[PDB]
Each structure stands twice: as structure tokens, then as C-alpha cells.
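Laid out below as C-alpha cells are two forms of one and the same protein chain, each shown alone and named structure 1 and structure 2.
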Structure 1
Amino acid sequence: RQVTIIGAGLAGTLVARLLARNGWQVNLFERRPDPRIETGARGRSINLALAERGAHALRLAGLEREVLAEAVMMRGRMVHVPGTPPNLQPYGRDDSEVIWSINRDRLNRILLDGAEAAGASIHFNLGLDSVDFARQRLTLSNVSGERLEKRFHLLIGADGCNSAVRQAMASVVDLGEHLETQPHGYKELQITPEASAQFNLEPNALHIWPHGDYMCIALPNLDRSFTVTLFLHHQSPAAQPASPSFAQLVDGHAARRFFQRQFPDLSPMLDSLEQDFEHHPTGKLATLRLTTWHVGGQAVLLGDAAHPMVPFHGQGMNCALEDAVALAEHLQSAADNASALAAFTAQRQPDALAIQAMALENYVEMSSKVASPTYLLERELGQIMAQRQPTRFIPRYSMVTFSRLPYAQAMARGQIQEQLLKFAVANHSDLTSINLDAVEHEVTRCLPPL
């Protein structure tokens, strides 16, 4: 059984390992050069939040130990707001609930080694150009433009949010594609080990600078450098045309004044802010949903290729790793590749839609809009119910971040919990008019333990 994978990123390299371990002949093609070839280059790859979902997918592949050896433990959040230095807000309810920060290039190199150790052949410096589904052949382009034609039996599209495989599929089947762009862009910035230490930025934490309609978030690296992401409107809306947006930050000097005003404890650590701002492009935020992820038994999409999402729950990589495991499982036990791909799509598509929406709801949190009094009372009640019934009432964030519950079931339980809270608080001022024992009974009736 032979398979061709396009894209030696996170999902593609993991599924290569799993399939090769299961006895598949795996050929993996990647447009970029092999990052394991030693150069003088200082890598500027971002650090990623690896949660229990991703960690478990790596465990199944036998790689968790190697990845975590090169990852920084984030025990909690540091929320930077004016008035006092931040204190750690620890994760969940014990020490075992942490998030790991792993550098993208480090993870990629570990996955590549893992894929080759399992028997996969990885071919770099070759970009997928086109696919011929009738004759079962695809075309790759090399660095100078030479076009190489190859046979495939099964094509896995793991080539990212602008997947060339997906583009090829659209020419033979209606993907039912819907694109939802968001008004925020992002810019990746860097903190050196020296800057971070000078201003005492805690390495073992996730750092956030909230500011209503815009914000920054930073994740640590092994060498004490941090990667910072600014999220900010591309343009100022028609109302509030003076509100901050990238269009006002016409150059690095404007960027610097923006940070000095809005993020004063962060600006001094951004040594290369001006250059980073001008040299790096402003990224776009979008969600892309497809009704179908496969063409018969010939081709399938996974990871960012199948379901681009906004980066606001730190789950795109975690979802991509989950995808790789599921795809390998379905391909190993299916009647033909066509059955495997349909079964895989039916399992993972509802979960992808769920995290895409929950990421957007996490993204919608980033707003200057105040919390309703109703909302605050619901939150207080939910914290009490979480204490009294910790196996039934679990905040949706913890279900997503610290468990392996399928995304769609996390969203379903969150819906039940929110309905329960909405009716318990409906026409009550404060908490003292709410019968907490009666509410706890409703929690027991409506939410089975996990």
C-alpha cells in the first residue's frame, strides 16, 4: 500500500510516521529545503501552544518524550495590564494541567527524524504544481522550474491553509467552500533572551497583553527568547475612524509609538520592533469550511489544508495532529481508500467545525465590550458548580485545552452548561436568591460525568 503526502509540516510529517509504521510505502514531498541541514541561520519560527490533545497524538506516535524535552512548561497565564506587575493565574486545578510551548522548527525537525526513522522517504525542494486525477499523476516543480511527473495511488494533502492539493480537488469536485474573513490581522515579533531577562519576563508562563479590540500574546522558547503576536484591525471601522489599526502604522516609527503608548511594559523588550514591523508581512485571519475533504479514494485533505481557522484558541496544530492520527487509523482498517476517506471525513469534520467556531468565540472575546451583569452572575454560579461537581461541570476552555474530549462534544457540553446557567440566573439579582442545591441537582440531571 502506497501513499504520497504533500507537505512536510506538522500533520503531514506525523501521518507519514504513523503510516510508515503501519507498513505503508510513504513518499513525502515538501516545497521547502530540509531544515535539519545545518546553516548559520537564526530561525525566527514562532512558538506554539501544545495541549493535551496534541501531546497525546504525539504519544501514540512514540514521539511525546522527544518533543517535550525541547518544550517549555507553561504553568499558567501572566496577564499584563496597567497598575501592578502580573501574578501567575495557574492553569485549571492542579499541577498536571499545563500547556507546553514548543518551537515550530524544533517540532518540525523532530517529526521529520521520526518519519524517516519509521521508513518514510522525504523529498524536499519540490512544490506540488498540479494533479491529474484521471490518469492518477501529479506534477512537482523543482527550484529552477523543472517539472517532474509522478504516479500516485493515494494523495494526502497536508500542505497548509493555501493547499495546492485542495486547489486541484476543486477542479474535479465541488468542495462546498465557504470563506469567512475576519477584520483583524496579525504581526509576529521577537523578544531576545537578553531583553526578556532584563525585564524579568517569566519563562514558565503564557503571557497576554489584553487591550480590548487588539492584544498581544507571547510564548517562550528554550533559549529564553519569546515570540510575540500582535492582533489588530487591518483598517479602522467607519465609526471610530481614529481607533487603532495597521493602516495607521505606516512604518516602524509609527509602530514604536503605538507600542510605547498602548503596551508600555512590552515595548522596551521589542528591540527589533521597527525592522520586524516593516520586513515581516501582516498576516490575515480567516476561517475556511469545506463540505467534502476527499475525492473518492484518490485524495484527502487534513490539518490546515482541510480547515483553516483563526489562531485564537491555540488549537490549529493540536487539531492537525489529532487529524493525522484519525486518518492513519481509518486508512489502516478500511475496505478501500474511498471508504477510509469518507469515514475519516465524517469523524473529523464535525470536530473541525466545532473548534473553528470555538476559536472564533475565543476571538470574539477580544472586544472592548463590557461584560453584562447577567454574564458576571452566570460566571460566578458556574464556578460554584464546577467546585461542587468537578466531574460534571467543566469550563469549556478546560475541556478543549486539558482533555481529549472530541471538540464537538466539548461544544455540546458547553451548550448544555450555558443553557443551565442562563435559566438558573434568569430573573435573579445577585447570588443569594439562587438555590444552589437545586441548581446542583440540575447539573447532576443534565450532565453525565466525564
Structure 2
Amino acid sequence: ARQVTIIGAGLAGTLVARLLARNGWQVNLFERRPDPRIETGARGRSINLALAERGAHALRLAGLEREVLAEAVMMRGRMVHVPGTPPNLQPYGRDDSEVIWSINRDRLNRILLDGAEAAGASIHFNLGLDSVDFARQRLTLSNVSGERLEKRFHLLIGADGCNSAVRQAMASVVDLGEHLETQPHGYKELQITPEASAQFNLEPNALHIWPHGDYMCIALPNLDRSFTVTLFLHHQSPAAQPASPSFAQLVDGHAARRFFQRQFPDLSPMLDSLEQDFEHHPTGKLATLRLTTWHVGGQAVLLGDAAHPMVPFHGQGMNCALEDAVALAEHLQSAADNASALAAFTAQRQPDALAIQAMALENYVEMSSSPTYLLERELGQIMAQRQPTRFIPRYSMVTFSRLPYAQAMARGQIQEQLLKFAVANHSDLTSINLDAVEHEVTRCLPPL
């Protein structure tokens, strides 16, 4: 039986542990945090995420989809809250088969842990990777107190998140060709209780957005009708706009309350614990990190956030990480050797990770910050109606299909240019020749 050591019992690491263990690999998975399945007297994490077709299909292959979906809330569409305008749902797809699912992060992680153990993986908690000696094939782990433990390894999988210790260890034996693109927005998680969401008639089966140009709020529903709200706001005000809102200006919870009362007046009354949440929940950091290299020979490989940190504006990081886990297990299972598997996995996934990193950055303006847009959207709908196997909106290709991200991006670019050019010198749809636009669709977009 082939042996593997996985660092990080998060989403990708646990899924790849199950896929490999059920194929007979001897799997040891190491996690810095305690086992979340061991109930303590501490209050649990209300953190949630959007599960889409890529993630759901990965869970389906693993035999875990039904269990995960049993505690997921359907989000049929985007509910945009602009003061004055009544909120009106913008459906994501054609029917309820084209939806996204809101799931509690910790619940997803517990289901994956049970799944990895049921397949035969051994999971070791309270052990964070500190260093790797590639030449001697040993690694060093430690608990929070720094009590060290050394282990021999044969194949090392870094599924240890955006601040990957495996990636840091690889960077000492190979040039990873890392390019870091910092994101000016920080984030803060806030809560809407079930009583407040019901009192204000906040739709449970939708993804909610409060756009505000350079900043915005989003909310995802929970099974109990509470919502987790995320504020995206610049860490600091730029030199060009010193007065512009930023986390630096929000000195305490009371300052945060005044900011919400002014900028998000229909949201502030639903946020009963705004002051406490603001002061007790730390401000998160966002970034895009691109690597030229994801592996060291046949010895180690990165996947998920360890390989390609991305901004969260498309809700695709976990989806991508689960898609990576499937691809990695498939390559490892069937390759001539580990070195061939890792090189093939990297070559296949790198262009797709670059594509979703670029599309995630682009989705921010779509959510937060039109006259030409409406006519383009209108013409796009007719083209999707006339040619449903050729004209598929980029959001649908990314969210509801398994088309490689790079292909979704390439087809999306053709569509965006086609629409932009077609509407360019026209006031309305009546002056636009629909057959000439459809001609371009049949000429430039092969059927899927």
C-alpha cells in the first residue's frame, strides 16, 4: 500500500484523505487545531460558505453530498438591497436545479473528517507542521506549547491553507516563483439573529448583497434563519481619498454602528450585536497568491488555498479546493509514479487556478460597483434563449458547470466582447439585428 502524509484537515486535505484511503493508501493526516468533533463548552463558529456544482460534484464522487446538503440552505438568487428600491430577487439560474447552497463551515469540516476516518485515514490533531527536511524525508510538528514530534514521510500533501507551512518549507529547496497581490479590502463577520431576520422579512433562500461601490456587505443564510453578514471595507483610506471609509476610521464598535446607520441604514437595525461583533471578531486579510511551481519532484505537492489563495468575491475557493482534491487523488491513483502524478496534476490545474483567481477579482465590481449593462444583459438573455448550448453566462459556467475555469473565462470573454460590440452604437434592442448577433454566437461559440 502506497503511503501519504497530509498536512491540514481543512476542506481539501480531508477530502483528498478520504479519496486516497478508500483506494487503499495508508493515509496520515495532521491538523494544528483540536478535533472540532470533540464537543467543548466553547461557543461554535457561525461561519458559512457557498457550495456550488464543482464542490457538490466533488462531494458526490466521495459519497458525502447527501449528508452535506441535508444541512444546506438553498440560495435561488441574488437579493440586492439598495436604499429606497424594494429588494427583488435576481434568480441565479433557469430553475431550482441551478442554485448555490449555504453550508456551515464547521459542519462541512466535521462531515469530511468522519468521511476520511470511515475510509481508513488516521487523523492526528493538535499538531502543526513547523519544518520539513526534504533530503532526510522527515518533518517536524509541534503542539501550541511547542512540544516537538518528528515523523518520516514518503509523499507530503500541503492542504494547509493560505499561510501554508508546506509551501514555506518547499520555498527553501525550490524557487516557487511566488507573486503576491495584496487586496486593499479587509473583512469583518457580523450576525443577524433568527428573530431579527424574521422581523425584517429577510428572504432565507437567497444570497444578499448591500452594494456601496468601494465597500459592501453580503449575507448568507443559516438553517436556523440566522444570517452571517460579511463587511468588505478598505483596511486604510488611500492618499488620494483621505476621507473615504476604512477600518482605520472605525476605532471601536460605536464608530462601526454610526457608519452602518449612515451607509447601510436598512441593514443596521438587523445587526443587534454589531458593536460586540466588530470589537471581538478580528479583521480578516485578503490576497491573491500565484505560484509557478506547486510541487518538489515526487516528494511534495500543494493544493487548495496552500497552492492558490484567491479573493472570495466569486465564492469559489472551497469549490476549487474540492475540485483540486479530486484531480490530485485521480492523478496519484493512476500515475506511473508520484513524480509523474504531481507534474501532471500541476500542469492540469495551474491554468484553471489562474483563471478563477482572475474571475474572482473581476466579480467584485459586478457585486458592488448601469445604462449600457442592462441592454447588454437583455441581448445576452435572448442569445441564451436562442442558443442555450452556445451562449451560457459566465456566472453560470463557473457556478453551475464543471467546464475547466480557463474555458469558462475564454468563452465568457467572447460573449462579453460580442455583447459590447453588438450594443455599442444603439439606444435600444429594436435597432439591434438579432440574427447578425446570433450569427456571431454560432460562428464564435462551439456547442457544449
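Throughout, rigid core stands for the largest set of C-alpha atoms superposing within 1.5 Å between the two forms. Quick note, the numbers are simply positions in structure 1, starting from 1.
**Request:** Note yes or no: does the Cα of residue 429 move by 2 Å or more between structure 1 and structure 2 after the core is superposed?
**Result:** Yes, because once the rigid core is superposed, the C-alpha of residue 429 moves 2 Å or more between structure 1 and structure 2.
**Asked** Would you say residue 382 moves between structure 1 and structure 2, meaning its CA shifts by 2 Å or more once the core is fitted?
**Response** Yes.
**Request:** Could you check how many degrees the smaller rigid part rotates against the larger between structure 1 and structure 2?
**Result:** The angle the smaller part turns through between structure 1 and structure 2 is 13 degrees.
**Prompt:** Relative to the superposed core, what is the Cα shift for residue 44 between structure 1 and structure 2, in Å?
**Reply:** Its C-alpha position differs by 2.4 Å.
**Once the two forms are fitted on their core, CA shift of residue 233 between structure 1 and structure 2 in Å** = Its C-alpha moves by 1.0 Å once the cores are overlaid.
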